[PDB]
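I have a structure here, written as structure tokens, and I will follow up with some questions on it.
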């Protein structure tokens, strides 16, 4: 378990939200999600996001995939400060921002190597230059899942590997 | 009882002086009196005002009105530093001095709402940049009585409401 | 001699500086200071004094300028009807520009804190009725009717029991804004022989946690002569 | 008056100087500082974080730039064959120029300390084989074959038992260099139904005794607009 | 050297000022002062006559 | 410093341009080389409305004299800048004997110097200055160019003033209407304006 | 001092040339004798990539004003150099009333002096400046030559800035591609370059 920047969420919708399943192929580039934009439409959190004026919350993110022992590949999961089906990266080498992907391990990160493990867990505290902001006008961070070493298998196996994201809000305020 | 600026009169004609009755109508603007100019002609105080060279005195002012339970209106009574029948305001919105009436509550003041009360009392200490001045060449303050909400009644009731001012000199010197 | 070296800020005149200069009249003795009542030493003492809020800033003629200080309540207007609205911004143009809080914050740039608004009913003793004063936080719009405004921060104010109500507005800040609206709960009830129309006077001030910063002598309209 | 004499360094402006100048806004109060996570206060904290070492800096097309981050291991290549070589210089042009250590030492002139390189095998669970990672000190050439590289500082790395090996490079210094080479000990063994080719990802950082000195804002290629 | 910065009142001559200037005759010794009767040291002594 | 900017020390705290006198080489503005200037604090155009929030005040003053050519050029000239206290006579010409009376303090300064700077204390016979009297002399600065002949350069002298040790009593409502005179609260009664702006209806934002 | 040069105090520690304004005697560059300059820290060409290693920063600034003739000559001229805080209006002409508002601090200085030098504090409404906002005004220096007429000399004014009391949070990857705009992370997607240099084969030194 990775606790981001050595700090736990703290005070200044307590359930699991399994989002949807992505499909990882031999020609995937990568995906990203923006928080809290991913969750302002579903459930009780989506009501309190757009009915209140101020917002403060931390998170806990689980990333999992399941495959056989005849598949190979590696993913890099990272969290970088500043819908619910994600967007796809066009230029994953420059992370669509002009910054290299080979230095993305300066962030809270975790590897998924299919040879070794199949789950990643990152805990994110609340980060802002203000104590309270708006959930609908400001996104705090983004989640990146990029295949560094590509997927491979022999012909006859399952060509598509599931990736499921599940998350839990932790120490939320609304005012 | 309002004690002006949190301070009582003190040393460095002890009777009540009921002045006269004003008549408040549906078209009144307001009235003002200048002290000690209002009292340099009546009684023992009017003799010692114009026979001595130096002067120092505080006051206590009572403002009363009497009406029935079928009348309505409100008056603002205030004291602003720097005859016996008063003058009438021509432009009560600018207080005949170019200053707004809506900020006159920064002074020692008291409201008279006919729905609630019928008497106001303000105690005024001696205020000067000198310890002694002349009663005949320098007026210390003025008393303002302005109707903010106008008088109203139904036809058949008494169209005119009395307003009586009564005052008492307090800790006077003459030299 | 003592060695010095004269840094690059020497022969300059900065107008916001503070030093000790030469007194031209030494051994002159000024007049001693007597006690005068009413000494002010901070401007936040003056922001806490209630002054009249001109909610009714409609008339513009010179013979109707005193009508800006009061707003009517009549007996010919039904229940559930809106009476008046105003924003909760002391530094902008509008109703708050007649208060002393709105004039002192025109000499600054940034402010934040809590407010308070007092309403005073000046009708006759024999009249009754109820009102609904509501407050909407920044971001939400004006309510459409009396029923949705009741689902929120509000107060019911009865005329026959109480002549004054107060409303503590929470934190305003940052140089949108909140909204205050007055609705009619019931109608205006009156006996025979009493008038049909009354007026309400609004008074506004600030709380003890109000602050201002970054002074600015703003170019006023008030020009000399 | 107090006698002074004004030494020859007086009316000059040195751009690397440090003094106290006049604040133009006295008695203005800035915003207090809240707690924000992730505070950095020395740049040697950032040199100790592992980033990806682009050993495979061959392709140059835009649609093959992600192939620079991994280098292959296949089943059609025999034993005793060389796989890859690279130098051990973080400040020069080459593979180290993609790491964060190689970018921060482009702002300085002199550095010295120890390094560490981590290799990660990303093949399938069913594949086995062995490798030979060797290190040659500064001055000696590249070895001619697997047998002479074994007579030296090396490690045997087995795929079937361990997915990651590390190599502590001793002291590099002084703004020739050492060499790291990867050889094939055995062949690449795989069952039926598993792929024949895998990839290795290299990660590089610095130890706790690494230092840098004599700052230099080197004229980067990265030009503004 | 000691850093100074020369405020805007430097090279001026104010005629009501009071400082210490250079004595042109050092180690010269003036005549000592004998007792003389009738010493005045305030002008309010003379207003009372 | 947590509300140390709303104090009356900070509310009256900067040097503002009050007074600007011109000594031309030809013309009819000041034909000789001298000028008189009576000390008022309301030569800065934002200052009269600020001090008239109160009734009584008490302060010290600090004056600064910067001078130059109309283009901005610095030339080698020597000036006098004397202070006439209240109750003392003022100069009539350049050959007046008031320029060399020792009870009027002077500051001789070259034009290629830092600006001259002096301090003036509280000089009223009462205990405070009052801005409203129902029923305030600080002095005079005279400015001359030193010489027996006329100078060779046109000069402009600007005067800056910072108040200090400020105390105040009895707050008043602020000024609502435009001014017409000095030390006189008169206003234009045939054109009276509201305090702020207006709108169309009381139920419309 | 045994790794006291890699601290963030030393990494942001020198005065660099940011901003250079020109007051010509004839032309169309600045036809009157004034110019406005908005405070940005990325006028020094090596500075934007350095501060964008982090997400949040907090610092003070210190400014220095050196001025001369295009040849390099020193002439007797007087200048103004006033500071307009954020939220205050800026001058429109030479006869604007913003040049003599007392809440905009000025520094009157001669051209034959050491360079003027002032300090500006942290002035954001938040707790830090942020260089990336998914969803930073310091002020303005106005520079004028003092006078009612136009000056007789062409002048160039250069501005230097040193940052101090630096704190920083949340490191990020450094910039890889060339910039195209300001406060905008856009890049040329039709020409993407590698981070470093290349070679022919992986087995050749």
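Going in written order, the chains are labelled A, B, C, D, E, F and G, and every chain counts its residues from 1.
Keep this in mind: a contact is a pair of C-beta atoms (placed from the backbone, for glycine too) under 8 Å apart; a residue touches a chain by one contact, two chains touch by 3 or more.
The interface holding more C-beta pairs in contact, when D-F is weighed against A-D, is A-D. When the contact pairs of D-G are matched by residue number against D-F, C-F or C-G, over half are shared only with C-F.
Chain F has its Cα centroid 34 Å from the Cα centroid of chain C. Chain geometry summary: the mean Cα position of chain C and that of chain G are 40 Å apart. Per-chain CA centroids place chain E at a distance of 52 Å from chain G.
Work out the mean CA point of chain A and of chain F, and you get 66 Å between them.
Under the contact definition stated at the top, the residues of chain G that touch 2 or more other chains are 56, 64, 85, 97, 101-103, 105, 108, 110, 114-115, 117-118, 125-128, 170-171, 173-177, 192, 195. Residues of chain C found to touch two or more other chains are 2-16, 21-22, 24-25, 34, 36-38, 46, 54, 65, 98, 100, 103, 213-215, 217, 219. Annotation for chain B: residues 5, 93, 100, 102-103, 106, 127, 129 touch two or more other chains.
The part of chain G that touches chain C in the complex is made up of residues 64, 85, 87-89, 97, 101-103, 105-110, 113-118, 125.
Only residues 6-16 of chain E touch chain F when the two sit together in their complex. Contact residues on chain E toward chain D in their complex (touch as defined above): 1, 3-4, 19-20.
Within the complex formed with chain E, the chain C residues making contact are 2-7, 9-13, 19, 21-22, 24-26. Every residue of chain C that touches chain F in the complex is listed here, in rising order: 11, 13, 15-16, 21-25, 28, 30-34, 36-44, 46, 54-60, 62, 65, 68, 71, 82-85, 87, 93-95, 97-98, 100, 102-103, 107, 142, 179, 211-215, 217, 219-225.
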